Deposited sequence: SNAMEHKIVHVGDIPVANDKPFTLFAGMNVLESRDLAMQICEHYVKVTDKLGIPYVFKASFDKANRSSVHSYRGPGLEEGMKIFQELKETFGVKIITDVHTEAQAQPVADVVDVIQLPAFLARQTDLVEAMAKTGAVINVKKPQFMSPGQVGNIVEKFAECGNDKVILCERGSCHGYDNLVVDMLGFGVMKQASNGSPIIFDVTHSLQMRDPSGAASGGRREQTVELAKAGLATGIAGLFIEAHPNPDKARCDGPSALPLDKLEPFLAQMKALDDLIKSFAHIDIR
């Protein structure tokens, strides 16, 4: 079949697309403290600036879906925005974060470059609407429970609300109970179903372990995708959420150098028409 045309979604200067050099959407799970966010952001900026990899800093200001109510959730919106603000002014970074309610969408859109629709919330029509209305670039987490052929409906819902700036993010599919598998065929399926919307791959959450980050990242990149989504921490074990999948921050460079070399080759391969 013919190679299809891929859509470009700009995050400022960064052209995000399936057939462009991969963009790194990465950071930490939650904004644990200002100092930690500054340390992590600085390392990512330094490393990506060195390797020549497009970069958008990720962190959550709230964890809205933990298993206990008293359990640590982040700094919340007000204080999280302050930290994003300082990261932007200090480092000149683009920022992505997730939003959890309709009323959060515009105030967070006022600060960050990409707003993220959580997997469990990805079919909530009023949230999609509120997020669409900000005109912000969107990242939609593909639900663990959704087939890859169904991502067109998500893109279309945003388009109906006037927003054509959608990036889709792979984060694994249910494989029996309490395990996820990443279907590498799903990348192609989503590229088709979305008429070439950029697809990125959340390797970290797909591992819900961290030792396997490298191998799984290479497999997804090998399918020709618009980016990788990664969370890291100086000591993953002490991360306040999802520590068991977080990449050790000190390994970011050797990991990314390999990703870049791999992506650069992959992006150079001609399409083979197989019928």
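**Student:** How would you list, in order, the spans of the deposited sequence that the model does not cover?
**Tutor:** In the chain as deposited, only 209-219 carries no coordinates.
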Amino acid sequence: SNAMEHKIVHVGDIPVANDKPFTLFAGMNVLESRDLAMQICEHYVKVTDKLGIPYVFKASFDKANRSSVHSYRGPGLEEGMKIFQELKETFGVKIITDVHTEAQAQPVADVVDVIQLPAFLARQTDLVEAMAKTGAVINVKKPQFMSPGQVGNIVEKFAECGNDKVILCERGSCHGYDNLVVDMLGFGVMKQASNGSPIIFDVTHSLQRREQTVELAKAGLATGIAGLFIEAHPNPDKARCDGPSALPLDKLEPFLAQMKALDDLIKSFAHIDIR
From here on, numbers count along this sequence of modelled residues.
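**Student:** So, looking at the entry's B-factor column for Cα atoms, which has the higher mean, 69-77 or 162-170?
**Tutor:** Looking at the record's C-alpha B-factors, the answer is 69-77.
**Student:** Highest mean C-alpha temperature factor of the two stretches 97-105 and 173-181, which is it?
**Tutor:** Averaged over C-alpha atoms, the B-factors run higher in 97-105.
**Student:** Place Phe57 in the lowest, middle or highest third of its chain's C-alpha B-factors, as listed in the PDB entry.
**Tutor:** Middle third - that is where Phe57 ends up once the chain's C-alpha B-factors are sorted.
**Student:** Among the modelled residues of its chain, does the C-alpha B-factor of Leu262 lie in the lowest, middle or highest third?
**Tutor:** For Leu262, the deposited C-alpha B-factor lands in the lowest third.
**Student:** Taking the C-alpha B-factors as the PDB entry records them, is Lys63 in the lowest, middle or highest third of its chain?
**Tutor:** Its C-alpha B-factor belongs to the highest third of this chain's values.
**Student:** Compared with the other modelled residues in the chain, in which third is the CA B-factor of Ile199?
**Tutor:** Lowest third, going by the recorded CA B-factors of the chain.
**Student:** What third of the chain, by the recorded C-alpha B-factor, contains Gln144?
**Tutor:** Bottom third by C-alpha B-factor.
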